[PDB]
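Quick heads-up: it's one chain on its own, the form deposited in one PDB entry, in structure tokens.
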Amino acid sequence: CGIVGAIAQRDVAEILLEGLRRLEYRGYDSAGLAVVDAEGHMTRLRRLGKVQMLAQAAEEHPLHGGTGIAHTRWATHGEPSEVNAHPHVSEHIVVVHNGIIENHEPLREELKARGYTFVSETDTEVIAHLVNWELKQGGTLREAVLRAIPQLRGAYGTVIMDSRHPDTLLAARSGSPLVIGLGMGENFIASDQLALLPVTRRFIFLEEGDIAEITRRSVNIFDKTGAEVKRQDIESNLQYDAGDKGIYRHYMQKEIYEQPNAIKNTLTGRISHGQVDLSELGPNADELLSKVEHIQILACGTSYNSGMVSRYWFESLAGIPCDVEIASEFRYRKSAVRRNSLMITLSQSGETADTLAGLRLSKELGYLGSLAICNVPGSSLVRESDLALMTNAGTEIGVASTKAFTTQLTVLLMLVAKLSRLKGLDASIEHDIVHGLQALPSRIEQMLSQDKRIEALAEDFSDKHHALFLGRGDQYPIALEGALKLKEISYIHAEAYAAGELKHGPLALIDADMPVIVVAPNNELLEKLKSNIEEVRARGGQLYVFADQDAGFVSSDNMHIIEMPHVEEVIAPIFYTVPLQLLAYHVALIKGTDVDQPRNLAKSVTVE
């Protein structure tokens, strides 16, 4: 979820709403805002649906007032509904929340015993009621929040208001980000900087546990222990890119066709005299990178697949041990941790909660440093890492990562190249990597021209409810990304397996009706992969093979081929990703689903 707050003399309804548009990557299940005028008169407006639904409702009945909060939702507790949308109230107390109150159960029953009525199924609602109860006891809003926070467990990025006193807002951070925007005779707060750029560029980032008492004229922050502290303000040079469809019918689609240009931008100023130049990390980065004897990657979903690909590259090309783990799993086990280990996070948004929590935990564990490979500058993961490599793909709007995945893999490979040279390996390893990467943009540009054939093939999944993906070696995580794309936007129950694993149980799902998608480059693994293919055909599976022209596959009634141009082996996994992106997109189009904003999802998951 996304939160915005504003306090000024003019109406802030429009400022709040613009903020929500800009935070919609955080959730599009529902949205609301509450404003108060100088007389204490509150108008609350909420709608099930995307931010635009709210905007429309507000335009037909304008909300007047200089103080207000707003929220856009990815639902965790309680189904999407106007009833469950934020802001939630407890009479004069009004609250928006990005996070999860994990102990909502006990709190709820305790507040129910004190007389409060829960009208929603959200965990957020306990915040409103708890703060209401603390204020009954006497004191100011700040004191009430200060007594409440300690009772909450889990994450909260919250902004709290008492409509009887429109001069003040209380903000509290735990986990979820909160940024305060400082205006001129006004002040703002939001989940990220980008939301508030229209009104200001001066920002303060609340630290873990900070509480801030905000008025139009002042910002006073208290730390977790209740001490009064000064936080530093920065001037930001960020630029908001709202993204565009261009000539395309969907953002996913444009995003797929942008890859050649995207990749071309990722390489920009990083290839220098034929060699990977990572001089942007700063003058003494080679000092840190040279100590690296082990690499740990934490990520989620697609970014996790990109990590899984890179692992084959680090280990085989640069000889450097690499471990890749689902972030949420790493966070909560006690792990061994290796000597001279570099922590790497992969994330498009830089706002993923699981990935963040991993990073934060990593700070206590004594890695050599953290590197963030990210696509959104100023994002949480970026501000909190030691070092960052920006993918520079431009804004990605469709929930289904595309150009982010391939720019991420591009950046990973340039790292593999760079470390091979610091280890003092054959300069040829980097050379073959650099030659590959330079070629990719036009290699992909040519994959795009087979769109028509992929579209025709897609018709075959129109009545399908399952699909197996298969891959081998560094193409295995490509099968994973393929299945994920297809289940995400088409809702087909798609699933990936390392080609050798299928026979060891899951082969029993194979019947005349099961489609099986396969990527097959022309490499040393090809004969082994072909015998896995044959195993499937022997059981009656229908195969869809995106095969190299030279793989020697032959079309038949149970074996549908798409012939791929021969590509450089080093960039093959990126290359073979594209047709899988196209197939997913085209099958979504067939099924009539919402390609850009699939049901149940959000572009960035900001909670656990």
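So that there is no doubt, residue numbering starts at 1 and follows the sequence shown. Shifts are known only where both forms have a C-alpha. Rigid core (definition): largest C-alpha set, two forms, superposition within 1.5 Å.
FYI, the form deposited in another entry isn't displayed, but the following is about it.
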(message) Only one of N261, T395, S335, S531 crosses a C-alpha shift of 2 angstroms between the shown form and the other one, counting 2 angstroms or more, core aligned. Which residue?
(response) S531
(request) With both forms fitted on the core, give yes or no for whether the Cα of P521 moves by 2 angstroms or more between the shown form and the other one. (result) yes
(message) Could you check, with the core superposed, whether the Cα atom of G540 shifts 2 Å or more between the shown form and the other one?
(response) yes
(message) Having a change of 3 Å or more in the C-alpha distance between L526 and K503, I'd like to know whether it is closer or farther in that other deposited form than in the form here.
(response) closer
(request) Say whether the C-alpha atoms of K503 and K528 sit closer together or farther apart in that other deposited form than in the form shown here, given that their separation changes by 3 Å or more. (result) closer
(request) Run through the residues found in both forms and list the stretches of 3 or more in a row whose CA moves by 2 Å or more between the shown form and the other one, fitted on the rigid core. (result) 521-540, 555-557, 559-561
